[PDB]
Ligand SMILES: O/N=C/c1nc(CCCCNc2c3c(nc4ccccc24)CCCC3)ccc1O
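The form solved without the ligand is given below as one chain in structure tokens.
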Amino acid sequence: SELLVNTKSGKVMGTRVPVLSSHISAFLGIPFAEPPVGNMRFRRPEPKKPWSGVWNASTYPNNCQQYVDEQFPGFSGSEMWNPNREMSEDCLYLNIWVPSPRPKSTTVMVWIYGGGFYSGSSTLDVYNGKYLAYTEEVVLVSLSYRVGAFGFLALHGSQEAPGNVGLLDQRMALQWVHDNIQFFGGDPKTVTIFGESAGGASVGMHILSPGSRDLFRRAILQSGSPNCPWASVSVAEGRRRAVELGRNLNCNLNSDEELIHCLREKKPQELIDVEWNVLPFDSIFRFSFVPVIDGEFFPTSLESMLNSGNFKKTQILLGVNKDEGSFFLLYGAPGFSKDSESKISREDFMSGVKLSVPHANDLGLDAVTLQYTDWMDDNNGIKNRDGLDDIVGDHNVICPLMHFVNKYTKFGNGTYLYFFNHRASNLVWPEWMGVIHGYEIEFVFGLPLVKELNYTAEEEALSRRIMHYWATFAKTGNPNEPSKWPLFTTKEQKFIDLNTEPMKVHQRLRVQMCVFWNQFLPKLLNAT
């Protein structure tokens, strides 16, 4: 039968689900690893032990143990990102949507959630795969991975808490797709990994890492790349934070094994309560437990792998939003609110830059401040607010992504670049926040196609053309069916706007600020 699929680890039973007057198959909460619980906390994932009889794949799995945002209780714009299922350390499951009737060997897209390596769930209303699966006739998989200490506690040298285990969760999920997706009508030789933020960074990390390269064909990175300043740390800093996590919980610090056993007897949420304490600075867009440059998952530094072309050579499709930084200013920077226009005094601007570039010395801070202050109108609260906004977005997302795209295009086989700047009509966040971090996701996932979601007709046209670009790219390495999204080349450097207006081609996305962040500031910081 259509809903009963036989896989290499045992039988699973999906459920036929309705999509836009019509139906498809959904296989929810399929296990791909053993539950990383008890002794397995912090350890690499192990392949799920095969089961007998029929796994009930009709409802969403548990979400990983994470920090839960409660700045704005009841509020849909903050809550749409929080766990919608019970949280549990037993959380390594994947979900699949297959068009009905089951295609023969079709394009596979694997979704990887963001949330800064400290949160995220595969089960969010915004990641509901039915629309994209139905509309574009693809098999859609959303995986999961451990976040926070559980995913990224790094005590390098240990084999009990090596670090990177969350990236290995993702790799184990891709391995499973490699092994099993053929049984769902998926073509294991035509899988595109894609994800946003910590997920676009994760995608890029699998492009780098020798052990992941063979588990997929192509890649899409939305608003994140592997070289993001927040997306990794050294072995030393990982060890430092992990120790400091032990110290916070009055752990025996005498050795790695005592630290680890101590950290393993704590309740999940005892670890989260102190998670933010291990950071080195008062900071914004900085997360405690993240990937490590370990010599294993990553053979060398990210930079040197980019330069020597030590990475998967394929097509990539990637881009950014217009106001990446506004979510993080609202949450951690003085002067901003959800219920006001958020004009930023000169005083709050300065403390805003220190928060934003927390590794900078005072010369670096002056540099950033000068680069983003209009000195004719320095007391202008709106220019201060927009300037802070651009600092956060240029430094944390846009410029790192541009650095990556320039490095990659030099060795890859097809770059496609977008700048998404459509402000959704039904947005519940205030105008000042602009085109926000994550808000392209709704369109990628087909949500403007659902009538009661109260979107405009041309928002449904835009999401249709995004979905169609995304899946056509997934299928062929080219978002264009043969108006044309051109290749980004190292000479011409073209990208497109993604909004409701007809398509415009531009060149050198934010070159001026990105030379400052990618070339001049690193140089000044290295020198002083």
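Residue indices: 1-based, along the sequence shown.
The same protein also has a form deposited with the ligand bound, omitted here; what follows describes it.
Site check by superimposition: the ligand, modelled from its position in the deposited complex, clears the backbone and C-beta atoms of this form, with no atom inside 2.4 Å, and the site reads as open. Residue contact check for residue 118: one or more of its heavy atoms lie within 4.5 Å of the ligand in the deposited complex.
Interface residue remark: residue 276 is counted as part of the site for the ligand in the deposited complex, having a heavy atom within 4.5 Å.
At least one heavy atom of residue 283 is located within 4.5 Å of the ligand in the deposited complex. For the chain shown alone, residue 469 is not a contact residue for the ligand in the deposited complex, no non-hydrogen atom being within 4.5 angstroms. Checking 103, 381, 364, 332 against the ligand in the deposited complex, a heavy atom within 4.5 Å turns up for just one residue: 332. Taking 67, 473, 32, 27 one by one, only a single residue has any non-hydrogen atom within 4.5 Å of the ligand in the deposited complex, and it is 67. Only one segment in the set 90 to 98, 398 to 406, 67 to 75, 346 to 354 has any non-hydrogen atom within 4.5 angstroms of the ligand in the deposited complex, and it is 67 to 75.
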